[PDB]
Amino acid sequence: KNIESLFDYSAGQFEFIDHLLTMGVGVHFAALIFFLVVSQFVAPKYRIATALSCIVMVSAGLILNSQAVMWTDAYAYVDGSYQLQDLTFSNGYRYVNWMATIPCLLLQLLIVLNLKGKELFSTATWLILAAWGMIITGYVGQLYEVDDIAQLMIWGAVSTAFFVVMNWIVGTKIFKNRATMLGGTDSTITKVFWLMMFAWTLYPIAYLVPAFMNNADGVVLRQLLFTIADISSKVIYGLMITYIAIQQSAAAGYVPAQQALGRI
(Lines of atoms letter the chains of each structure in order from A and count residues from 1; the text may use other names and numbers.)
(Lines give C-alpha, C1' and ligand atoms only; values in the text may rest on other atoms or scores of the structure.)
Protein backbone atom coordinates (compact mmCIF):
# COMPACT_ATOMS: atom_id res chain seq x y z
CA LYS A 1 0.00 0.00 0.00
CA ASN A 2 3.15 2.13 0.22
CA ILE A 3 5.37 3.21 -2.66
CA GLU A 4 8.40 1.68 -0.98
CA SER A 5 6.96 -1.74 -1.85
CA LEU A 6 6.64 -1.02 -5.56
CA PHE A 7 10.33 -1.05 -6.52
CA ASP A 8 13.45 -3.04 -6.44
CA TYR A 9 16.43 -1.07 -5.20
CA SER A 10 19.99 -0.68 -6.43
CA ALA A 11 22.61 -1.60 -3.86
CA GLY A 12 23.46 2.13 -3.75
CA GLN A 13 19.88 3.15 -3.05
CA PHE A 14 19.47 0.34 -0.56
CA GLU A 15 22.71 1.00 1.30
CA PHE A 16 22.07 4.70 1.53
CA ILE A 17 18.69 4.30 3.17
CA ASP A 18 20.22 1.86 5.59
CA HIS A 19 23.08 4.32 6.48
CA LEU A 20 20.63 7.20 6.74
CA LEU A 21 18.53 5.42 9.29
CA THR A 22 21.47 4.00 11.19
CA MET A 23 23.06 7.40 11.31
CA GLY A 24 19.78 8.69 12.78
CA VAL A 25 19.96 6.13 15.55
CA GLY A 26 23.53 7.25 16.34
CA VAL A 27 22.58 10.95 16.54
CA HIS A 28 19.46 10.40 18.56
CA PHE A 29 21.18 8.21 21.17
CA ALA A 30 24.40 10.27 21.43
CA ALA A 31 22.07 13.30 21.93
CA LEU A 32 20.11 11.44 24.60
CA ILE A 33 23.47 11.17 26.52
CA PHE A 34 23.96 14.93 26.48
CA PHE A 35 20.51 16.15 27.87
CA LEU A 36 21.00 13.49 30.41
CA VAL A 37 24.30 14.89 31.65
CA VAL A 38 23.35 18.57 31.46
CA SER A 39 20.03 18.06 33.18
CA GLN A 40 21.88 18.56 36.46
CA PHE A 41 22.57 22.25 35.48
CA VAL A 42 18.93 23.03 34.78
CA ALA A 43 16.87 24.60 37.57
CA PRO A 44 14.03 22.52 39.05
CA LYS A 45 11.37 24.60 37.22
CA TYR A 46 12.83 23.88 33.77
CA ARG A 47 14.25 20.38 34.23
CA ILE A 48 11.27 18.64 32.71
CA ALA A 49 11.99 20.32 29.36
CA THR A 50 15.39 18.60 29.05
CA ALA A 51 13.90 15.49 30.47
CA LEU A 52 11.27 15.50 27.70
CA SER A 53 13.98 15.74 25.00
CA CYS A 54 15.45 12.53 26.42
CA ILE A 55 12.09 10.98 25.67
CA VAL A 56 11.83 12.41 22.23
CA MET A 57 15.35 11.09 21.65
CA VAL A 58 14.59 7.53 22.73
CA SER A 59 11.36 7.56 20.62
CA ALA A 60 12.73 8.65 17.40
CA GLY A 61 15.67 6.40 17.83
CA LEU A 62 13.62 3.43 18.82
CA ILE A 63 11.43 3.93 15.77
CA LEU A 64 14.44 4.70 13.55
CA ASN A 65 16.35 1.59 14.62
CA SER A 66 13.19 -0.40 14.08
CA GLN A 67 12.83 1.09 10.62
CA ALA A 68 16.54 0.21 10.00
CA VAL A 69 15.94 -3.41 10.84
CA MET A 70 12.65 -3.68 9.01
CA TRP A 71 14.53 -2.38 5.95
CA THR A 72 17.06 -5.21 5.92
CA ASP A 73 14.35 -7.72 6.87
CA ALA A 74 12.07 -6.73 4.05
CA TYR A 75 14.58 -6.84 1.22
CA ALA A 76 17.18 -9.19 -0.17
CA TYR A 77 19.76 -9.09 -2.94
CA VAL A 78 18.22 -11.16 -5.78
CA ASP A 79 19.43 -11.19 -9.36
CA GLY A 80 21.38 -7.99 -9.06
CA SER A 81 18.86 -5.84 -7.20
CA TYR A 82 17.49 -5.65 -3.68
CA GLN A 83 14.04 -7.21 -3.95
CA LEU A 84 11.12 -7.31 -1.53
CA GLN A 85 10.75 -10.59 0.33
CA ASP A 86 8.21 -11.86 2.95
CA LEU A 87 8.29 -8.81 5.25
CA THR A 88 7.25 -5.24 4.44
CA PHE A 89 8.65 -1.88 5.08
CA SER A 90 6.29 1.07 5.72
CA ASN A 91 6.58 4.46 7.30
CA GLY A 92 3.34 3.77 9.17
CA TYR A 93 5.27 3.50 12.39
CA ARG A 94 6.84 7.00 12.05
CA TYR A 95 3.46 8.80 12.24
CA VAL A 96 2.49 6.80 15.31
CA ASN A 97 5.37 8.09 17.41
CA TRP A 98 4.59 11.70 16.37
CA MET A 99 1.37 11.03 18.11
CA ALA A 100 3.76 10.48 21.07
CA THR A 101 6.74 12.94 20.57
CA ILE A 102 5.15 16.25 19.39
CA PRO A 103 3.34 16.89 22.77
CA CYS A 104 6.73 16.35 24.36
CA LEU A 105 8.31 18.95 22.17
CA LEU A 106 5.41 21.30 22.40
CA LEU A 107 5.42 20.75 26.13
CA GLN A 108 9.09 21.47 26.49
CA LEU A 109 8.62 24.70 24.48
CA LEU A 110 5.68 25.70 26.72
CA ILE A 111 7.80 24.95 29.83
CA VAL A 112 10.62 27.23 28.79
CA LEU A 113 8.02 29.90 27.90
CA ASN A 114 7.22 30.02 31.67
CA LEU A 115 3.69 28.83 31.20
CA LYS A 116 2.25 27.70 34.50
CA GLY A 117 -0.85 26.04 35.79
CA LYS A 118 -4.11 26.36 33.96
CA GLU A 119 -2.68 28.24 30.96
CA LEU A 120 -0.03 25.58 30.71
CA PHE A 121 -2.60 22.75 30.98
CA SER A 122 -5.08 24.43 28.65
CA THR A 123 -2.57 25.48 25.95
CA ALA A 124 -1.13 22.00 26.25
CA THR A 125 -4.50 20.35 25.70
CA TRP A 126 -5.42 22.31 22.60
CA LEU A 127 -2.05 21.85 20.95
CA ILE A 128 -1.94 18.15 21.64
CA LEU A 129 -5.39 17.67 20.01
CA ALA A 130 -4.33 20.05 17.17
CA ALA A 131 -1.15 18.14 16.41
CA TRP A 132 -2.99 14.80 16.99
CA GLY A 133 -5.39 16.08 14.42
CA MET A 134 -2.52 16.78 11.98
CA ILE A 135 -0.73 13.41 12.39
CA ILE A 136 -3.81 11.13 12.11
CA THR A 137 -5.30 12.65 9.00
CA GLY A 138 -1.92 12.46 7.28
CA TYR A 139 -1.46 8.91 8.60
CA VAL A 140 -4.71 7.94 6.95
CA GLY A 141 -3.64 10.10 4.03
CA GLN A 142 -0.46 8.14 3.29
CA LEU A 143 -2.45 4.95 3.36
CA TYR A 144 -3.74 5.77 -0.13
CA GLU A 145 -0.22 6.92 -1.29
CA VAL A 146 -0.40 4.24 -4.01
CA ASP A 147 -4.07 3.37 -4.55
CA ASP A 148 -5.79 6.77 -4.62
CA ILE A 149 -3.63 9.89 -4.95
CA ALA A 150 -6.79 11.97 -4.65
CA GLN A 151 -7.08 10.95 -1.01
CA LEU A 152 -3.45 11.61 -0.13
CA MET A 153 -3.89 15.20 -1.37
CA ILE A 154 -7.34 15.82 0.17
CA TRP A 155 -6.14 14.12 3.33
CA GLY A 156 -3.01 16.24 3.05
CA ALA A 157 -5.13 19.33 2.84
CA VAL A 158 -7.22 18.43 5.84
CA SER A 159 -3.99 17.74 7.69
CA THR A 160 -2.31 21.06 6.65
CA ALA A 161 -5.23 23.02 7.98
CA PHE A 162 -4.32 21.29 11.26
CA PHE A 163 -0.65 22.39 10.79
CA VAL A 164 -1.53 26.01 10.03
CA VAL A 165 -3.73 26.25 13.12
CA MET A 166 -1.33 24.62 15.52
CA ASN A 167 1.41 26.82 14.22
CA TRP A 168 -0.84 29.75 15.05
CA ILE A 169 -1.40 28.75 18.67
CA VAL A 170 2.29 28.18 19.12
CA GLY A 171 3.49 31.50 17.78
CA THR A 172 0.81 33.42 19.61
CA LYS A 173 2.14 31.92 22.86
CA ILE A 174 5.71 32.54 21.87
CA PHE A 175 5.28 36.26 21.08
CA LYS A 176 2.70 36.66 23.90
CA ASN A 177 5.14 35.30 26.52
CA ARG A 178 8.37 36.52 25.01
CA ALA A 179 8.69 39.23 27.69
CA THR A 180 8.55 36.74 30.58
CA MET A 181 11.77 35.06 29.53
CA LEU A 182 15.04 35.57 31.39
CA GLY A 183 18.63 36.17 30.51
CA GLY A 184 18.56 37.01 26.80
CA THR A 185 16.31 34.13 25.79
CA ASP A 186 13.40 36.27 24.53
CA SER A 187 15.60 36.86 21.46
CA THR A 188 16.54 33.17 21.26
CA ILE A 189 12.99 31.88 21.47
CA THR A 190 12.05 33.59 18.19
CA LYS A 191 14.82 31.66 16.41
CA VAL A 192 13.39 28.53 17.98
CA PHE A 193 9.99 29.24 16.40
CA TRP A 194 11.40 29.68 12.88
CA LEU A 195 13.55 26.61 13.22
CA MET A 196 10.26 24.79 13.91
CA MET A 197 8.67 26.33 10.87
CA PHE A 198 11.51 24.99 8.72
CA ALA A 199 11.86 21.46 10.02
CA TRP A 200 8.08 20.79 10.43
CA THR A 201 7.42 21.87 6.80
CA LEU A 202 9.84 19.18 5.54
CA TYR A 203 7.55 16.32 6.56
CA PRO A 204 4.58 17.28 4.32
CA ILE A 205 7.14 17.59 1.52
CA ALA A 206 8.17 14.00 2.20
CA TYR A 207 4.39 13.22 2.20
CA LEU A 208 3.93 14.56 -1.42
CA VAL A 209 7.05 12.84 -2.83
CA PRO A 210 4.86 9.99 -4.28
CA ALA A 211 2.62 12.42 -6.26
CA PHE A 212 5.65 14.07 -7.84
CA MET A 213 8.39 11.45 -7.76
CA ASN A 214 6.78 7.98 -7.64
CA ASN A 215 9.93 5.96 -8.24
CA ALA A 216 12.79 4.43 -6.35
CA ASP A 217 14.75 7.66 -6.19
CA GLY A 218 11.74 9.34 -4.55
CA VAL A 219 11.74 6.62 -1.96
CA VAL A 220 15.32 7.68 -1.21
CA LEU A 221 14.51 11.44 -1.18
CA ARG A 222 11.65 10.70 1.22
CA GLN A 223 14.04 9.13 3.73
CA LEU A 224 16.51 11.91 3.16
CA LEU A 225 13.81 14.52 3.97
CA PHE A 226 12.81 12.59 7.11
CA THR A 227 16.38 12.44 8.39
CA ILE A 228 16.92 16.15 7.90
CA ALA A 229 13.50 17.05 9.33
CA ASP A 230 13.90 14.56 12.27
CA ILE A 231 17.38 15.82 13.09
CA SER A 232 16.08 19.34 12.91
CA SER A 233 12.76 18.87 14.71
CA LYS A 234 13.99 16.64 17.41
CA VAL A 235 17.61 16.99 18.16
CA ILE A 236 18.67 20.45 17.20
CA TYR A 237 15.35 21.83 18.49
CA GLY A 238 16.16 19.86 21.59
CA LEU A 239 19.68 21.37 21.80
CA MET A 240 18.11 24.85 21.60
CA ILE A 241 15.35 24.32 24.08
CA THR A 242 18.05 23.15 26.49
CA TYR A 243 20.28 26.21 25.97
CA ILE A 244 17.25 28.34 26.86
CA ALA A 245 16.52 26.39 30.03
CA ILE A 246 20.10 26.56 31.25
CA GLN A 247 20.34 30.28 30.64
CA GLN A 248 17.08 31.11 32.37
CA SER A 249 18.04 28.90 35.30
CA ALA A 250 21.24 30.86 35.74
CA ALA A 251 19.55 34.20 35.24
CA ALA A 252 17.09 33.05 38.00
CA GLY A 253 20.02 32.32 40.44
CA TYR A 254 20.40 28.55 40.00
CA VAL A 255 24.04 28.28 40.94
CA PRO A 256 24.91 25.02 39.07
CA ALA A 257 23.54 26.74 35.99
CA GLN A 258 25.68 29.82 36.71
CA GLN A 259 28.70 27.53 37.10
CA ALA A 260 28.09 25.41 33.90
CA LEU A 261 27.75 28.54 31.76
CA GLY A 262 30.68 30.38 33.37
CA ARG A 263 32.63 27.12 32.93
CA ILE A 264 32.49 27.85 29.13
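Numbering starts at 1 and follows the sequence shown. Take the two forms, find the largest set of C-alpha atoms that superpose within 1.5 Å, and that set is the rigid core.
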(message) Between 83-91 and 113-121, which has its CA atoms farther from the current form in 7 other deposited structures of this protein, using a rigid core superposition?
(response) 83-91
(message) Per the record, averaged over C-alpha atoms, which has the higher B-factor: 88-96 or 117-125?
(response) 117-125
(request) May I ask you to compare 215-223 and 229-237 by their mean CA B factor in the entry and name the higher one? (result) 215-223
(message) Checking the record values for 104, 154, 165, 174, which has the greatest CA B factor?
(response) 174
(request) Kindly indicate the residue among 158, 135, 143, 179 with the greatest C-alpha B-factor in the PDB record. (result) 179
(request) Select lowest, middle or highest to describe the third in which the CA B-factor of residue 72 falls within its chain in this entry. (result) middle
(request) Could you tell me which third, lowest, middle or highest, the C-alpha B-factor of residue 50 occupies within its chain? (result) middle
(request) Could you tell me which third, lowest, middle or highest, the C-alpha B-factor of residue 190 occupies within its chain? (result) highest
(message) Which third, lowest, middle or highest, does the C-alpha temperature factor of residue 131 belong to within its own chain?
(response) lowest
(request) Using the B-factor values recorded in the entry, state whether the Cα atom of residue 198 falls in the lowest, middle or highest third among the modelled residues of its chain. (result) lowest
